[PDB]
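# Remarks on the overall topology
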Amino acid sequence: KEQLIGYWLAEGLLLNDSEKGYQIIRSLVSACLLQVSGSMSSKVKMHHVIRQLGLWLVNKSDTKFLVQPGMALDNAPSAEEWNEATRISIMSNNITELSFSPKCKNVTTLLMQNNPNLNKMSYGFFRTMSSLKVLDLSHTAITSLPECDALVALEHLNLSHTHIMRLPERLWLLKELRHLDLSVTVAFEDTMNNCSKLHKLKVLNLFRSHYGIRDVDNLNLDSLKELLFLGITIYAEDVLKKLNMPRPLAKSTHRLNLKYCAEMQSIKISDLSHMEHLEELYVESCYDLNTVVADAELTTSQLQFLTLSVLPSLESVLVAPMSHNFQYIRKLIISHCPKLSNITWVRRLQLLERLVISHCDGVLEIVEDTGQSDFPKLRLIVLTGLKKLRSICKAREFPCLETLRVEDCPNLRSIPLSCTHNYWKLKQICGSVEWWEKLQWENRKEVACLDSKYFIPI
Amino acid sequence: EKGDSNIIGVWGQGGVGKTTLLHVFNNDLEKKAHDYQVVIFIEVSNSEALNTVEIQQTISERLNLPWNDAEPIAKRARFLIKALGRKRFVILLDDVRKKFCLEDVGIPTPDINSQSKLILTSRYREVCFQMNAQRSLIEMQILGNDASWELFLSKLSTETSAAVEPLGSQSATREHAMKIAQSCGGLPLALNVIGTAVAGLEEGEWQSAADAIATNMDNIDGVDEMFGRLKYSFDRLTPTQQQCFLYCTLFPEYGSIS
Amino acid sequence: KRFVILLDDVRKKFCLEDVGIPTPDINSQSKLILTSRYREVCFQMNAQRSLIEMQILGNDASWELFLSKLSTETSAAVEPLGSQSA
Ligand SMILES: Nc1ncnc2c1ncn2[C@@H]1O[C@H](COP(=O)(O)OP(=O)(O)OP(=O)(O)O)[C@@H](O)[C@H]1O
């Protein structure tokens, strides 16, 4: 829903209110035009018959569409078909090169995501695109974006998972731009001091970026007072300290990234307590990280996504047992933390669903040795390469468990799975056969039923 | 029962249960014993032009009288005035909007010498005063917080209700429901419309829906018909009075003005 | 009378007493069944808690239904098992 509501907001169909987008999605699903489908309710889908009906309505409508998604197209259609349509979508294709320059005056929206083979575009491609409002180049292998100074109405950009190297200066000429998404940019090197040129921006994103705000010098977002959501990747403590003064800019960091951090041996949510909008936290490759502090101070912010990556020096995280900010946590991912040896506090997460762990060779158990199961909403646990994981946790009720995958865990002898729990929501279980045989079970029915109904050997 | 005046008037905001109160009262009269032979329910709000034929037909049907098509209205009015003159009747006018002569339709104005009681409802105090019911007047207070909350659950699915109903454990969804229920202001019709429109919540969007509903009520479904039902009271006022009313909306929400 | 009325594909909210159908209550044994393409209109009928979503038919059911709408000169060309054909 977040993507679709974003495009609706950029298209002008919504009066700068996302909740009306949620309401429209509700009207569609209640009319059975769309159906919610996914691990969480945040994902919906369109039925095949309804999709064909929509295409037929497009054909009968004056506003022609040129939409070819997911048919593995290796050669983009000629400019003749583009010149008359209004909305174009070529996502999930295998387009390699784009040479023609369209004459599309009436076209307002483009969708060219999920194109691994798309890396180069013809210059002057954007000259005729005066009416463009929504533009996406995500999940592609391009390196530069051609001249786009003729885009007098663009509002949305999304270059997530794109190997963009430098943002052209033509963007600062666009005063109508509203949304920028530049996450998972591994080749990005352009400075962000030039973003102060634009005035009417609402959203940025530097989450999990190769280049972010490494120092206070790069922090110049105070000019953009129109911002409501920002993505920032920290590389030094001074950025966090400069972010730690009361202003609307500080509280707008909804999701935070830590990459190649220097002098970040400790982090406290009290230092993050100035942020009332923080949910997601990502930490990757920080040498300093020794300890993480989760204070009992119940900040209004409701953290839900935590991911810790490549922290050989991270020893432990202190979580208050009685009351903690992690009670809202939806998902945990811990990767490459050989020195992390205190995670028992996971049992205090009543709202935890998804778990992914890889090569954290310091964790004995996710839970070592209210009147309810600690993980009633648990859905997914992933373990990989855990050399020192003796066990997962004690036996607990997981009525909503659906998927479990564990590989390369020689010390993992027992799992909290037991036949005393009801089994009607489980659908698949993954893992190696040798580890399944090496597991110690309290009841043999836990072996036969799982191995005959939902176990998927690798 | 205790009232010394045979005309009883009830007034209140549109859709605060006046019709519902009349329905429940009329249905509850059969439990208790009384000397009233006939209880008549009349819906006058069908028009502001006093569609007298429908009212006469309803009264005639309620008295086992043989309805006639070509009989003149005035003669029928006299006939029903004589007919109601020997029976202790309880007539329930619903949502009267302009002053009209009771003898014109055929309803005799009850006097202290008679045991008949007349009950009428309206959206306006002035029209109730025009019915000589200035001293059997009750203001229809809006429902309380507990009543509003218990009514709100009745218009929610359990897949949503069991997500909000449980106590003990504190979740943001319950507090969002507190915001939504209190935003309706205890007006039963507003609670019904919103609750029907919000019967389909899941956990994720409880926050945003509660955030927006406190500011803009247009986006939630079913409100256009609610406003149309409540639109008439504004339309009755003079254009100067209308302009004065819209000037009052600029003051802050949940405040007080001198 | 204890009645079972089957409304089919209701599309807008309408008063049951307007047409003449009394709204059944717990004190009565009458049951009212209605269908619609929209969840909202069903919620408007005070039936928010007797709601069932009509799931589409399964793959096996869809396949067995598909044969029922085919001629055997075509079906006997597709129905047989064992031998695999495009
Ligand atoms: N106590 C109550 N409990 C449940 N529903 C109620 C209650 N009071 C009123 N309602 C609802 O109010 C809705 C509107 O009818 P209501 O009696 O409130 O209108 P009204 O005050 O006569 O309106 P108007 O001024 O337009 O004539 C009904 O559908 C009924 O379900």
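Quick notes on the rules
Residues numbered from 1 in each chain as written, not as in the entry; some residues may be left out. Chains lettered and ligands numbered in written order. Part of a larger assembly, values for the part shown. Heavy atoms only, no water. Contact = heavy atoms within 4.5 Å. Buried area = accessible area lost by both parts, 1.4 Å probe. Salt bridge = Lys/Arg side-chain N within 4 Å of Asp/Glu carboxyl O. Polar contact = N/O pair within 3.5 Å; in protein donor to acceptor, adjacent residues only side chain to side chain. Nonpolar A, V, L, I, M, F, W, Y, C, P; charged D, E, K, R; others polar. Pairing = 2+ DSSP bridges. Helix = DSSP H or I, 4+ residues; strand = E, 2+ residues; numbered from the N terminus. Axes fitted to C-alpha atoms, helices over the stretch in contact; angles between N-to-C directions. Buried < 20%, exposed > 50% of the residue type's maximum accessible area, 1.4 Å probe, protein only. Near = heavy atom within 4 Å. Areas by Shrake-Rupley, 256 points an atom, 1.4 Å probe, with all protein chains shown as cover. 1 Å grid on protein atoms, 1.4 Å probe; cavity = no way out; pocket = protein on both sides within 12 Å on 5 of 7 lines; lining within 4 Å. Points joined across faces, edges and corners; volume = space filled by probe spheres on them. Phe/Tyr/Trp six-rings, centres within 6.5 Å; stacked < 30°, edge-to-face > 60°. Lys NZ or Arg CZ within 6 Å of the ring centre and 35° of its normal.

Judging from the entry metadata, cryo-EM is the method by which this structure was determined, and 4.6 Å is the reported resolution.

Glancing now at the interface of chain C and chain B. Of the residues lining the interface, eight residues belong to chain C; the matching set on chain B comes to ten residues. Taken together, the two surfaces of chain C and chain B that pack against each other cover about 750 Å², and 46% of this comes from carbon and sulfur. If you sort the residues of chain C by the area they bury against chain B, C:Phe43, C:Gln48 and C:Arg49 come out on top, with a joint share of 62%. Inspection of the region where chain C meets chain B yields one salt bridge. A salt bridge links B:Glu225 to C:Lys13; the nearest nitrogen and oxygen atoms lie 2.7 Å apart. Linking chain C with chain B are four residue pairs in polar contact, by the criterion used here. When the residues that make up the side of chain C that touches chain B are grouped by side-chain class, the tally is one nonpolar, three polar and four charged.

Another point: the sheet that holds strand β17 (residues 316-319) of chain A. Residue and element names in this part refer to chain A. Taken together, three strands build an open sheet; the order of strands is β13-β15-β17 and the sheet is parallel. Strands at the two margins of the open sheet, each flanked by one partner only, are β13 (266-268) and β17. Across the sheet, the mean angle from the axis of one strand to that of its neighbour is 10°, orientation sign disregarded. In terms of strand pairing, strand β15 (residues 291-294) meets β17 through four bridges, oriented parallel. In the strand pairing of β17, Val-292 is matched with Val-317.

Attention now goes to the interface of chain A and chain C. Taken together, the four residues of chain A in the interface contact four residues of chain C. For the chain A and chain C pair, buried surface summed over both sides reaches about 410 Å², with 46% attributable to carbon and sulfur atoms. Considering only the side of chain A, the residues that lose the most area to chain C are A:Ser30, A:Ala31 and A:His47, jointly responsible for 69% of the buried surface there. Counting across the interface, chain A meets chain C through one residue pair in polar contact. Residue composition of the side of chain A that touches chain C, grouped by class: two nonpolar, two polar and no charged.

Next up on the list: the pattern of salt bridges. Applying the stated criterion across every chain yields a total of 21 salt bridges over all chains. Between A:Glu434 and A:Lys438 there is a salt bridge; the shortest N-O distance is 3.3 Å. Of this pair, A:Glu434 and A:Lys438 both sit in helix α6 (residues 433-438), four residues apart, which is roughly one turn of that helix. A relative accessible area of 51% means that A:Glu434 is categorised as exposed. When the shortest N-O distance is used, the salt bridge between B:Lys179 and B:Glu175 registers 3.9 Å.

So, about the site of the ligand. Residue and element names in this part refer to chain B. The environment of the ligand is made up of 14 residues, and the closest members are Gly-17, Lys-18, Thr-19, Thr-20 and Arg-123. For the ligand, an oxygen atom lies 2.4 Å from a polar atom in the side chain of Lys-18. Note that an oxygen atom of the ligand is positioned 2.6 Å from one of the side-chain N or O atoms of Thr-19. A total of 630 Å² of accessible area belongs to the ligand in isolation, and the protein chains cover 72% of it.

All names here are of chain B. Size it by volume and the second largest pocket reaches roughly 1200 Å³. Forming the boundary of the second largest pocket are 26 residues, of which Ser-183, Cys-184, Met-217, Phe-227 and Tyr-254 lie nearest the centre. Mapped by element, the contributors of at least two residues to the lining of the second largest pocket are α8 (172-183), α9 (188-197), α11 (223-235) and α12 (239-247). Sorting elements by how many residues they give to the lining of the second largest pocket places α11 first, with five residues. Among the residues forming the lining of the second largest pocket, the class breakdown is 18 nonpolar, six polar and two charged.

A word on the packing of aromatic side chains. One pass over the structure, following the stated rule, counts eleven aromatic pairs over all chains. Their ring planes at 55° and their centres at 6.2 Å tell us that A:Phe100 and A:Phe125 sit as a pair that is tilted. Pair noted here: A:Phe100 is in the loop between β5 (97-98) and β6 (109-111) and A:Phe125 is in the loop between β7 (120-121) and β8 (134-136), with a separation of 25 residues, a long-range link. The two residues A:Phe100 and A:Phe125 agree in class, both being buried. Within the aromatic cluster, the residues linked to one another by ring pairs are A:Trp82, A:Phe100, A:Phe125 and A:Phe126. A cation over a ring is seen here: A:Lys331 above A:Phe305, with NZ or CZ 4.6 Å from the ring centre. Cation over ring: B:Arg125 sits above B:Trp11, and NZ or CZ is 5.2 Å from the ring centre.

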